[PDB]
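> Structure incoming, see below.
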Ligand SMILES: [Zn+2]
């Protein structure tokens, strides 16, 4: 999933920069560079955001830009 991305936005924060004999980069492993934390990847990028929603409330907002009527929350 590299050649042809719709609009990956929830990745700029969680970017895995690894390269070596093992090249774990291939595996499904993600870590928050911002807080040098480790966050496993799930079926979808649902946790990716959640992590911030609680961790970094500043980044979450900037990433949470919905253009529509207000929801309960
Ligand atoms: Zn973080």
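> Looking only at the stretch 42-73, count every residue that is part of a loop (DSSP other than H, G, I, E, B), closer than 18 Å to residue 7 by Cβ and without any contact (Cβ under 8 Å) to a residue 24 or more places away in the chain and tell me the total.
The number of residues fulfilling the criteria is 6.
> Another one. If you go through the stretch 18-26 one residue at a time, do you hit one that is part of a loop (DSSP other than H, G, I, E, B), away from the ligand (no atom under 14 Å from the Cβ) and touching a residue at least 12 places away in the same chain (Cβ under 8 Å)?
The answer is no; no qualifying residue exists.
> Among the residues that make up the stretch 39-47, is at least one of them more than 11 Å from the chain's Cα centre (by Cα) and either within 20 Å of residue 8 (Cβ to Cβ) or within 16 Å of the ligand (Cβ to nearest atom) (or both)?
yes
> May I ask you to list the residues in the stretch 27-38 that are within 18 Å of residue 2 (Cβ to Cβ) and within 14 Å of the ligand (Cβ to nearest atom)?
30
> I'd like to know if the stretch 1-15 contains one or more residues that are more than 10 Å from the chain's Cα centre (by Cα), free of Cβ contacts under 8 Å to residues at least 40 places away in the same chain, within 16 Å of the ligand (Cβ to nearest atom) and not in a helix (DSSP H, G or I).
No; the residues of the stretch 1-15 include none that is more than 10 Å from the chain's Cα centre (by Cα), free of Cβ contacts under 8 Å to residues at least 40 places away in the same chain, within 16 Å of the ligand (Cβ to nearest atom) and not in a helix (DSSP H, G or I).
> Given the conditions (1) touching a helix residue (DSSP H, G or I) at 6+ places or on another chain (Cβ under 8 Å); (2) surrounded by 12 or more Cβ atoms within 10 Å (Cβ to Cβ), report the number of the one that residue 33 does not fulfil.
The failed condition is (1).
No Cβ is skipped: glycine too gets one built from the backbone with ideal geometry, and neighbour counts run over all protein chains shown. Read-outs: derived from the displayed coordinates by stated rules, not from any lab.
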